[PDB]
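Student: One structure, as structure tokens, below. Some questions next.
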Amino acid sequence: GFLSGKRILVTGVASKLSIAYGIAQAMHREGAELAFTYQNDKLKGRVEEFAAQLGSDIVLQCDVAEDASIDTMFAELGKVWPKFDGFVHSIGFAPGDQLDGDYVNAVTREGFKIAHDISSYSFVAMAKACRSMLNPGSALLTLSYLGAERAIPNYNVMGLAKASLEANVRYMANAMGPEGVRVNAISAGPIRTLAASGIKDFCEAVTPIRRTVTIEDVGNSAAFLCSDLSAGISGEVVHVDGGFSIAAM
Amino acid sequence: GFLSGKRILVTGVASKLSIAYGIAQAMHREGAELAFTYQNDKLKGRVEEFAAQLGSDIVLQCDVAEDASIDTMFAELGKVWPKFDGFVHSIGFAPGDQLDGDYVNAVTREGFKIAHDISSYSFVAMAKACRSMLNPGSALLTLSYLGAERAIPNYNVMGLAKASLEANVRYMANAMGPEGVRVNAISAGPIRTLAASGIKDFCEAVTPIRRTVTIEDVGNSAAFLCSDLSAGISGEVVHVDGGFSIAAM
Amino acid sequence: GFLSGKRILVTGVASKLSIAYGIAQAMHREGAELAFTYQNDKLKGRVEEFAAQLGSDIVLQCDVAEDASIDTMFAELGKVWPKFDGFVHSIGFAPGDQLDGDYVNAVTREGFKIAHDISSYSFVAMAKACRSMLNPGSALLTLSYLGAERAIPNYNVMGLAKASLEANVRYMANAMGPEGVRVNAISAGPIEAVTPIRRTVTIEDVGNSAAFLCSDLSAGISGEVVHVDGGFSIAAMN
Amino acid sequence: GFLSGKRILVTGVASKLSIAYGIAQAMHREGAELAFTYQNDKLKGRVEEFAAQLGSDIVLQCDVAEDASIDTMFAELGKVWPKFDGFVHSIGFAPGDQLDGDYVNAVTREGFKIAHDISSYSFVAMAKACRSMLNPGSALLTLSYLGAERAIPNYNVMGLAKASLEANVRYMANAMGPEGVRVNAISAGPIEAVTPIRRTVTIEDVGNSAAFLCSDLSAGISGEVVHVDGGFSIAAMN
Ligand SMILES: NC(=O)c1ccc[n+]([C@@H]2O[C@H](COP(=O)([O-])OP(=O)(O)OC[C@H]3O[C@@H](n4cnc5c(N)ncnc54)[C@H](O)[C@@H]3O)[C@@H](O)[C@H]2O)c1
Ligand SMILES: NC(=O)c1ccc[n+]([C@@H]2O[C@H](COP(=O)([O-])OP(=O)(O)OC[C@H]3O[C@@H](n4cnc5c(N)ncnc54)[C@H](O)[C@@H]3O)[C@@H](O)[C@H]2O)c1
Ligand SMILES: NC(=O)c1ccc[n+]([C@@H]2O[C@H](COP(=O)([O-])OP(=O)(O)OC[C@H]3O[C@@H](n4cnc5c(N)ncnc54)[C@H](O)[C@@H]3O)[C@@H](O)[C@H]2O)c1
Ligand SMILES: NC(=O)c1ccc[n+]([C@@H]2O[C@H](COP(=O)([O-])OP(=O)(O)OC[C@H]3O[C@@H](n4cnc5c(N)ncnc54)[C@H](O)[C@@H]3O)[C@@H](O)[C@H]2O)c1
Ligand SMILES: N#Cc1cc(Br)ccc1Oc1ccc(Cl)cc1O
Ligand SMILES: N#Cc1cc(Br)ccc1Oc1ccc(Cl)cc1O
Ligand SMILES: N#Cc1cc(Br)ccc1Oc1ccc(Cl)cc1O
Ligand SMILES: N#Cc1cc(Br)ccc1Oc1ccc(Cl)cc1O
């Protein structure tokens, strides 16, 4: 398929409901060789078990809060893939107290710091650590949300972090393009994943396609953006939300 | 390939340099069945000859200035494709006097009217005329340019028309989504085509990928947007300009 | 006030509810000298009454569908204001059939053409017609709506026409900036529980922002679409 | 003037070239009563001199890296202004190493953290700390730059920090709108042949727009990033 001969690292697989899971089955269907990271020991077996289904045995600890963990992870990966063709960054976090109710009351300095570090900085932190391993033609991809561009109740400081993240996409694109690397985001519509219970009160009637997008839709667009078919696209946030953001009333 | 079982009409093939030409070879490579329109008798043989290469014999006159021409064209097409899966709208025009020098001096009421009618209205005019022929899963695609969003010297009233066109993309998406049709645009970076001699003084050093996009890049993104792989994307303007618009200085 | 010294042409007064009417009051308050146009004989008396109440007797016919009507108006204005400081374009139209139901079914070639001509081309037409009359420091203003940027039901082809108008703003700001003329738009909210300010905007609110954008206070702003919609467009799922 | 009746806190004066300094002059001209903060002992005398020249003697230490410094400042302000009408946030910082060369190579976790904390979090921190002190009709303003929206060389992580700040504006406008508080930003140009107005913006131009956005004239505007950059961001390849 259209990713044959590519090697792609995939972060953030937590269950079969994860966006990262849909992106992985899609790139896998399309002929990519895959490798996987997992945040910590609680998810090691699970992620090894999801990896195994997709015929990868490359499954590595990576907590993106830690420079040493990202560095170690890429060192270990370089033993099997001294070069590869990019990564999918599918990782968000803010402490639970940040997303309950009025934004200005819930936000704290520490909550802001963690949300931005894990949801935004980690993307460029991964890029720094593997920059010399990337082939020409490589593509990096992260996931964002409409909360970057609009004030969405309860999403709160995550909206700020995703705005920081989309700006990260542009700065990374502009920096890395000259060495042959593209960097994009998918602004995904809402899907019912493990991380979405963290959000309070979690629209298909006012989406133009009249249904919510699935991890399959998101996965297919992802595969496209990490392939040579999208060689003309970098620094872009592609809305995969069924047209929701372009509608009003 | 990823358009097998799709039938797609392609307008605006004028030479081998046309964006429509790149989109057609790409959809053709990907297993689509194709049909072609041509503006008038001056391009009939040429377009039949380009069609023939791509193994289509469906080649029909269509001047989009004329409701009767669009209606006749779809009547003729319905004899061979009573149903199909969408069309590529790759058609722009403004009289030559519109694009020389200062915008407020060059623009006229008639120039404005023609630019908008041919470059913007024609897209929804085609949609009106074939609406009942479209399958569920159909996708419509037009081509726009950065001149819709920024004041670009000499591009002049075409910038207004392309802004009208991108708004057309949203209104069409929102209207047709409920019956299972998606509608998008590609905002293409500059390529050296037949229509670009019309533009005066026609940047790769400040594009992040450090080269201009080709009709191949544009064609591959096009194919994607008219395929089921992009089923989560409607009402969107995708920038295929190598990241040019997201850079400054 | 912050417009003393300025002479501003105001189009589009049709009633005391008109956006142009709120704009004119606010501009008069801030000390501008005002002149007015009226589309046709049906509105002439209303515009003359309102102009009198503001201390103006410059009240000129202008139908922006006609190049000759625009030229004749500016030749008449020239007799009393050979130079002036810009104008407010507060004009919109599409045939009523364009606004009824599903967009693709309602839009027609003629409806599209009329909507773009009246709602967008007429802004630059006015600018061509008065260009040598503009002082350095001039400011042109037009009025737009969120339907330029989102698909809003029934607003239909008026949305394309507004998107065209917002591009016209940019192209005009770019062309006329070197001669000392700024061009901007207000994207006004409709004149409520999901609006951040928790109320709809009024023609007073619109008027005050329009006065600003036509004054030397806004000298740093050109080519800009300013949202005066209470925060509505930046909120989602409130 | 159009700010008479208003009491506005101004942060970020460091010199007569500071954006905050142009803002304060313009606000004083339009009749506002002013109060000032200063980051540290190095800037205290400059801020006191300037405040004296404007007829103010409210000059309070505030380092926005510290929650305690922000709380203590607002407790001191409360002794003379138990209620007030909003504040201008004119504060930006990243370690100098963040701004040197290729973005990906210069950015570090600590640099990123400091840039976002000082340049974005501190806007809402101030708002939490004074929220019950704000009158209905209040207006918060912050300052941003085009590097929030485009990749500009060397501006590097300050661009992410500004994008965060512009989202903070929206989220804040949404949260505080129901209590009668507006929140906006100015995206200022750098303080020229491809700028539509054919000159860079001045701190006077910025000041006048900031005075507007903090006055009841802008009552219809909230959650908005207004570009005061002479049209620069809407032009291409001039
Ligand atoms: N599900 C939706 O509706 C939706 C919509 C738009 C965007 N997104 C985004 O898509 C991405 C994937 O989210 P999801 O819904 O698939 O959720 P998920 O809960 O399946 O995935 C979140 C993942 O991030 C990982 N992660 C968190 N902290 C980490 C750390 N310190 N180190 C390493 N990994 C860490 C978790 O272990 C988990 O694998 C996120 O960026 C989320 O914001 C989700
Ligand atoms: N080439 C570029 O750099 C570039 C960049 C961005 C967008 N675009 C857009 O892409 C599209 C294709 O342009 P191109 O550069 O491939 O040019 P081209 O000159 O090869 O194609 C323009 C086509 O439009 C057709 N057309 C014009 N008037 C017509 C009418 N009345 N009826 C039917 N067809 C009509 C012409 O016959 C021709 O086939 C246009 O919308 C153009 O604005 C071009
Ligand atoms: N009312 C709202 O909620 C709202 C919101 C956003 C934008 N707008 C825009 O504000 C502007 C003013 O609208 P309004 O609500 O004040 O409506 P209104 O009907 O009071 O004013 C419309 C005006 O346009 C004039 N006009 C129409 N065709 C014309 C022609 N051929 N020549 C000259 N004048 C012509 C009419 O005479 C009338 O004065 C319009 O551009 C409208 O699109 C309205
Ligand atoms: N100067 C320009 O061309 C330009 C253009 C666009 C935006 N901006 C923005 O305008 C704002 C003001 O910048 P400026 O050009 O006036 O610079 P300036 O250096 O005069 O002002 C920066 C101010 O930030 C203050 N500051 C830094 N860290 C702080 C802390 N911990 N606590 C409290 N105060 C702190 C400094 O004391 C200083 O007063 C900034 O947000 C800057 O990003 C500047
Ligand atoms: N990853 C992740 C995640 C963590 C927190 Br805490 C909050 C939301 C998260 O993902 C989302 C889930 C759902 C939506 Cl709509 C957006 C998201 O960014
Ligand atoms: N199609 C077409 C076309 C017609 C005119 Br007249 C002007 C430009 C045209 O296409 C473009 C060529 C080049 C660029 Cl960069 C943009 C365009 O829209
Ligand atoms: N003027 C005007 C106008 C004409 C038509 Br037909 C449709 C709408 C018009 O004005 C508006 C009224 C209300 C809103 Cl919300 C937006 C508008 O553009
Ligand atoms: N304040 C401030 C500031 C601090 C750093 Br470090 C970098 C830039 C800063 O201000 C600016 C100066 C100039 C411009 Cl163009 C934009 C700015 O944000």
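Note that each Cβ is placed from the backbone with ideal geometry, even for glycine, and that neighbours are counted across all protein chains shown. Bear in mind that the values in this text are calculations on the coordinates, not laboratory data.
Student: To the nearest 0.05, how large is the calculated FRET efficiency for A:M249 and D:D41 if R₀ is 51 Å and r is the Cβ-Cβ distance?
Tutor: 0.40
Student: Rule-of-thumb check for segment A:114-241: C-alpha Rg over 2.2 N^0.38 Å?
Tutor: 1.09
Student: A further question follows. If you take the charge dipole of chain C about its Cα centre, with +1 on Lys and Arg Cβ and -1 on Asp and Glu Cβ, which of C:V228, C:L17, C:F2 is farthest toward its positive end?
Tutor: Farthest towards the positive pole: C:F2.
Student: Which entries in D:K16/D:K83; A:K16/D:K162; A:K113/D:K79; B:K6/B:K162; A:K44/A:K83; B:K128/C:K113 show an alpha-carbon gap greater than 26 Å?
Tutor: D:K16/D:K83; A:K16/D:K162; A:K113/D:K79; B:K6/B:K162
Student: Two decimals is fine: what is log10 I(q)/I(0) at q = 0.20, 0.21, 0.24 Å⁻¹ for segment C:1-70, from a Debye sum with one equal scatterer on every Cα and no solvent?
Tutor: Listed by q, the Debye log ratios stand at -0.76, -0.83, -1.03.
Student: Rg and Dmax of segment D:37-154, using alpha carbons, in Å: what are they?
Tutor: Using the Cα atoms of segment D:37-154, the pair Rg, Dmax is 16.5, 48 Å.
Student: Round to a whole angstrom and tell me the spacing of the C-alpha centers of segment D:143-178 and segment B:103-145.
Tutor: Taking the Cα centre of segment B:103-145 as reference, the centre of segment D:143-178 is 35 Å away.
Student: Using a basic spin-label model with each label point 7 Å from the Cα along Cα→Cβ, how many nm lie between C:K83 and B:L17?
Tutor: Label at C:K83, label at B:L17, 4.8 nm between them.
Student: Now for a different question. Extent of segment B:97-164 along each principal axis, from alpha carbon coordinates, in Å, largest to smallest?
Tutor: 46, 23, 13
Student: Rank D:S164, C:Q53, C:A65 by how far each Cα sits towards the positive end of the charge dipole of the protein assembly as shown (+1 on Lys, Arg Cβ; -1 on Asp, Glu Cβ) and give me just the farthest.
Tutor: After comparing all options, I get D:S164.
Student: Using only the alpha carbon atoms of segment A:180-239, find the Kirkwood hydrodynamic radius as the inverse mean reciprocal pair distance, in angstroms to one decimal.
Tutor: Its Kirkwood hydrodynamic radius stands at 13.3 Å.
Student: Within straight cross-link reach of B:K200, meaning Cα distance under 17 Å, which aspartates and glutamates are found once same-chain residues fewer than 8 apart are removed?
Tutor: B:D97, B:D100, B:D102
Student: Take the Cα pairs of the protein assembly as shown, get the Kirkwood Rh, then feed it into Stokes-Einstein at 4 °C and 1.567 mPa s and tell me D in µm²/s.
Tutor: Working: Rh = 28.9 Å.
Once the numbers are plugged in, D ends up at 45 µm²/s.
Student: Describe numerically, in nm with one decimal, the distance between label points set 7 Å from Cα along Cα→Cβ at D:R29 and at B:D102.
Tutor: 3.0
Student: Size of the dipole of chain A about the Cα centre, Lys and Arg at +1 and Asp and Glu at -1 on the beta carbon, nothing else charged, in debye to 20?
Tutor: 280
Student: Output ³J(HN,Hα) for segment B:97-112: one whole-Hz value per residue in order, computed from phi by the Karplus curve 6.51 cos²θ - 1.76 cosθ + 1.60 with θ = phi - 60°, and x for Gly and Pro.
Tutor: Result, ordered by residue: 4, 5, 10, 10, x, 4, 5, 5, 6, 6, 6, 10, 4, 5, x, 4 Hz.
Student: Do the sum for chain A: with -39,500 (n - 2.57) for every DSSP H run of n ≥ 4, divided by all residues, what is the mean residue ellipticity at 222 nm, to the nearest 500 deg cm²/dmol? Numbers along the way, then the final one.
Tutor: Working: 8 runs with 85 residues, N = 249.
That calculation yields -10000 deg cm²/dmol at 222 nm.
Student: Just how large is the dipole of chain C about the Cα centre, in debye to the nearest 20, putting +1 at every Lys and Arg Cβ and -1 at every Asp and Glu Cβ?
Tutor: Dipole about the Cα centre, nearest 20: 320 debye.
Student: Can I ask one more? For segment A:5-16, take each phi angle, set θ = phi - 60°, evaluate the Karplus expression 6.51 cos²θ - 1.76 cosθ + 1.60, and give the result in whole Hz per residue in order, putting x for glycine and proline.
Tutor: Per-residue couplings from phi come out as x, 8, 10, 10, 7, 10, 8, x, 5, 10, 8, 5 Hz.
Student: Turning to a different aspect of this structure: So for chain C, what are the equivalent ellipsoid semi-axes in whole Å, largest first, each being the square root of 5 times an eigenvalue of the Cα gyration tensor?
Tutor: 27, 21, 18
Student: Please list the non-local residues whose amide H lies under 5 Å from the amide H of C:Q39, H modeled 1.01 Å from N, same-chain partners needing a gap of 5 or more.
Tutor: Residues meeting the criterion, in which the H sits 1.01 Å from N, are C:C62.
Student: Can you list residues from other chains, or at least 5 along the same chain, whose modelled amide H is less than 5 Å from the amide H of C:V228?
Tutor: Amide H neighbours of C:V228: C:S187, C:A188, C:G189.
Student: Return the whole-Å distance between the Cα centroid of segment D:70-100 and the Cα centroid of segment A:173-213.
Tutor: 35
Student: Can you give the average number of partner chain beta-carbon atoms within 10 Å of each beta-carbon in peptide C:121-131, as a whole number?
Tutor: The mean count of partner-chain Cβ atoms within 10 Å per residue comes to 3.
Student: Averaged over peptide A:143-156, how many Cβ atoms belonging to another chain are found within 10 Å of each residue's Cβ?
Tutor: Details: counts 0, 0, 0, 2, 5, 5, 5, 11, 18, 7, 8, 1, 3, 2.
For this peptide, the per-residue mean of nearby foreign Cβ atoms is 5.
Student: Using 7 Å Cα-to-Cβ label points, what is the D:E48/D:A65 separation (nm, one decimal)?
Tutor: For the pair D:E48/D:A65, the computed spacing is 2.4 nm.
Student: Also, I was wondering about something else. So if I average 1/r over every pair of distinct C-alpha atoms in chain B and take the inverse, what Kirkwood radius in Å does that give? Before the final figure, lay out the partial values.
Tutor: Values: mean 1/r = 0.0550 Å⁻¹.
Across chain B, the inverse of the average 1/r is 18.2 Å.
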